[PDB]
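> sequence below, structure please.
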Amino acid sequence: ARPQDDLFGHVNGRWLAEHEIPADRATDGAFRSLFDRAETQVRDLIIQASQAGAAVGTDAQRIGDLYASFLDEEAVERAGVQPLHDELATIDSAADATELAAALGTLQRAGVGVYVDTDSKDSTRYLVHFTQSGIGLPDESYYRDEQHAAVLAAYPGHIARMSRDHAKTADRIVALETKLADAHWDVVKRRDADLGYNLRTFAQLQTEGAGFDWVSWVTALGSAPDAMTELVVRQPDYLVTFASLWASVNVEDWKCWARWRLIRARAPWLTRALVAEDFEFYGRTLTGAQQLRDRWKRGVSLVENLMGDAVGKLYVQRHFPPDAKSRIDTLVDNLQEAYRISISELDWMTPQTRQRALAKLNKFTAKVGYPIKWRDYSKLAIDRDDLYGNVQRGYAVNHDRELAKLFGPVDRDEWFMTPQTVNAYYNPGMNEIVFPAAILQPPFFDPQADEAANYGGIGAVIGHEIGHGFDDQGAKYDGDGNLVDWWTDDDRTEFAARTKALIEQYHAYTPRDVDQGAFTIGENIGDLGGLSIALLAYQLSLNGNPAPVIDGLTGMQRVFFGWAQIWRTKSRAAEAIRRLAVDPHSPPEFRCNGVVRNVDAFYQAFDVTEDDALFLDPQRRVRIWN
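Numbers count the residues shown, from 1 in each chain. Sure, structure below:
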């Protein structure tokens, strides 16, 4: 109706007046439309790779003609057991624990965690992360959820296939996964990954698991044994077991599972007789997804783990002109700065908090803008027609790519987490932030349209990563990663005394027509927290100049328009409105005009009157950052 009242009723429902919704998924919108053009065009690149007549001359062209593997599946059927039987013969030759652990470590290189992260007090401990997980099923819980076992009505039928060896597989194959479905910790603990921190030496990891070689395995995993001596063990309650399984679970008890796991490690694109057999376990019986994936889903569904930072270099070259880099170089130099200067005209902070809130912003960073460094992939060699051992080696250094990044630093522009995702997170330990360019793609960011709308809608969602990067919880962390509220509670209480309305407001609103974790307002502090700076660093980007006053609509009025169109998201929200309390987060549908109320930069911008609906009276507004 009226933009200041509902921009997303003024603009955004018309997509929802017309748009489909997927029968297989039943959700589509902001992120998923960026998964769409992420997925819809990466196919076009390999099509362009295959369209080109690449005969010889580069080591990167049979990579881009690897897709001929998936074409003639009658061809790929003819190999079948023989490449596998080599992979069996690795295992069949592997007699002892050391022979197997060193055997499978190369298979593990061939690609059936880590982040380059120091302690944030030590600037140096860039190591790997080791927890417990081995369940073929979605989580360990399906063992102990004894009532959640009608789901197992035909599970051991569609997996025990590989006269009686299938039966003795069926004796074997149900027997251990229950024991793999035991030692592993609750999911939502991992969705706020908390107790992983045990900064171990690998001298500890050899001491950790009794009965398994944790090192010559790792040399078969291909890391630095001498030159990288430490890790982060997280949850070794299985890892100690696993080695004791490696002690006690015998090789024949391992083997036909390990072969079942090995074929699972190369499941989909192989001899066609057995590819639906795991799908009809997984697709039709574990998920009931009977849509046999069309090929353009399939061939795209593998390349990224095979090659992470490979397409994205020429992807932006084959999609985006050079116009978009100066947009970063002119914008975000101001945003990371002027967020400091937004602290200034806050006229009630504490000086020991204000100057502290200033001083934390000559030091702050951004993994945004053309990556300075890129991982080489042409010199990584992949056949046009071979696929199986072709991508073993293709995966083999995919382990050891990150090995080098144990030695290499965060150079601030290469995207450790992949460019082609739809992700965003601040590091409460390291105080880095991460923005893969799906959020920086259009329609979020047009690289050639007007600036302030392309500035507007994005910058508070950036600033909400800052604003939730600087929540009370973001404040409860330190710049060196220590857990401490520098933001002393006496303002937070007064700011809770200002934001008492924010505790209460969504309770006066209804998720569904009528005929519990709203105690947290977590998604909404930082968007007002981010819009605080969306309309300030612009002026630092102006250096006091006037924003582009075009069509009777200035940059600030256009910064409204940056947000006013860019939330068209459709679904059926019975489960969703029912799903809300698994974590106390908030949705976007209440968010999409919630920040009209307490802000004042919009009212002075748009001249809001003293009685309106999305007007809020100033004694219940909150001049946090305005």
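
> what is the neighbour count of residue 568?
Residue 568 has 20 neighbouring residues, counting by other CB atoms under 10 Å. Quick note: C-beta positions are derived from backbone N, CA and C, even for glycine.

> and residue 396, by the same measure?
Residue 396 is flanked by 19 other residues according to other CB under 10 Å.

> assumed it was part of a strand.
No. Judged by DSSP: H, G, I helix; E, B strand; the rest coil, residue 396 forms no part of a strand; its state is helix.

> nearest residue to it other than its sequence neighbours?
residue 109 (4.3 Å; CB to CB, 6 or more residues apart in numbering).

> which residues touch the one you found?
Contact analysis of residue 109 by CB atoms under 8 Å, 6 or more residues apart in numbering lists 220, 221, 222, 392, 395, 396, 397, 398, 399, 400.

> distance of it from residue 242?
Applying CB to CB, to the nearest Å, the value for residue 109 to residue 242 is 19 Å.

> got the phi/psi numbers for the residue nearest to residue 396?
For residue 109, the backbone dihedrals (degrees, to the nearest 10) come out as phi -70, psi -40.

> one step back: quick check, nearest of the contacts of residue 109 to residue 601?
residue 398 (47.1 Å; CB to CB).

> who's the closest spatial neighbour of residue 139, skipping the chain neighbours?
residue 187 is the one closest to residue 139 (CB to CB, 6+ apart), at 6.2 Å.

> oops, could you answer that again for residue 360 instead?
residue 479 (6.2 Å).

> how long is stretch 273-287 end to end?
Terminal residues of stretch 273-287 are spaced 20 Å apart (CA to CA, to the nearest Å).

> any idea how far the spatially most central residue of the chain is from residue 416?
Centroid-nearest residue in the chain, with CA atoms, centre = their mean: residue 423, separated by 4.7 Å. As judged by CB to CB, residue 423 and residue 416 stand 11 Å apart.

> joint contacts of the two?
Residues touching both residue 423 and residue 416 (CB under 8 Å, 6+ apart) are residue 434.

> helices of the stretch 451-600 of the chain, start to end?
Remark: helices assigned in the stretch 451-600 of the chain by DSSP state H, counting those that start in this stretch are 451-469, 472-476, 489-498, 500-504, 522-534, 537-542, 555-564, 574-578.

> okay if I get those helices as JSON lines plus distance to residue 369 and mean neighbour count?
Output for those, formatted as JSON lines (distance: least, CB to CB, whole Å; neighbours: other CB atoms under 10 Å):
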{"stretch": "helix 451-469", "distance to residue 369": "13", "mean neighbour count": "24"}
{"stretch": "helix 472-476", "distance to residue 369": "23", "mean neighbour count": "17"}
{"stretch": "helix 489-498", "distance to residue 369": "33", "mean neighbour count": "13"}
{"stretch": "helix 500-504", "distance to residue 369": "33", "mean neighbour count": "15"}
{"stretch": "helix 522-534", "distance to residue 369": "18", "mean neighbour count": "24"}
{"stretch": "helix 537-542", "distance to residue 369": "15", "mean neighbour count": "19"}
{"stretch": "helix 555-564", "distance to residue 369": "19", "mean neighbour count": "23"}
{"stretch": "helix 574-578", "distance to residue 369": "35", "mean neighbour count": "12"}
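
> what's the closest of those to residue 152?
Using CB to CB, the helices of the stretch 451-600 of the chain put helix 574-578 closest to residue 152, at 23.5 Å.

> which residues sit in contact with residue 465?
So residue 465 contacts 424, 425, 426, 433, 435, 526, 530 (CB under 8 Å, 6+ apart).

> picking that back up, adding distance to residue 41, write the helices of the stretch 451-600 of the chain out as JSON lines.
Shown next, in JSON lines, are the helices of the stretch 451-600 of the chain (distance: least, CB to CB, whole Å):
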{"stretch": "helix 451-469", "distance to residue 41": "20"}
{"stretch": "helix 472-476", "distance to residue 41": "35"}
{"stretch": "helix 489-498", "distance to residue 41": "45"}
{"stretch": "helix 500-504", "distance to residue 41": "40"}
{"stretch": "helix 522-534", "distance to residue 41": "29"}
{"stretch": "helix 537-542", "distance to residue 41": "31"}
{"stretch": "helix 555-564", "distance to residue 41": "24"}
{"stretch": "helix 574-578", "distance to residue 41": "28"}
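
> can you say which of those is nearest to residue 24?
With CB to CB as the criterion, residue 24 lies closest to helix 574-578 of these, at 14.9 Å.

> what's the following helix or strand after the closest one?
Counting by DSSP states H and E, the next helix or strand C-terminal to helix 574-578 is helix 601-606.

> tell me what that following helix is packed against?
On a contact count with 3 or more CB pairs under 8 Å, 6 or more residues apart in numbering; DSSP states H and E, helix 601-606 meets helix 522-534, helix 555-564.

> isn't residue 394 up against residue 307?
Yes. Assessed by CB atoms under 8 Å, residue 394 is found in contact with residue 307 at 7.0 Å.

> what touches both of those two?
Both residue 394 and residue 307 are contacted by residue 380, under the criterion CB under 8 Å, 6+ apart.

> how close does the closest residue to residue 621 other than its chain neighbours sit to residue 500?
Sequence neighbours aside, residue 598 is the residue nearest to residue 621 in space, at 4.4 Å (criterion: CB to CB, 6+ apart). Distance of residue 598 to residue 500, computed by CB to CB: 11 Å.

> residue 150 too?
Using CB to CB, one gets 48 Å for the distance from residue 150 to residue 500.

> drop anything exposed from the contacts of residue 465.
424, 426, 433, 435, 526, 530 (16 or more other CB atoms under 10 Å).

> ok, of these, which one's closest to residue 372?
Closest to residue 372, out of all of the buried ones among the contacts of residue 465 and judged by CB to CB, is residue 435, at 15.5 Å.

> dump the residue contacts of the closest one.
366, 367, 368, 424, 462, 465.

> what's the answer for residue 52, then?
By CB under 8 Å, 6+ apart, the neighbours of residue 52 are 61, 64.
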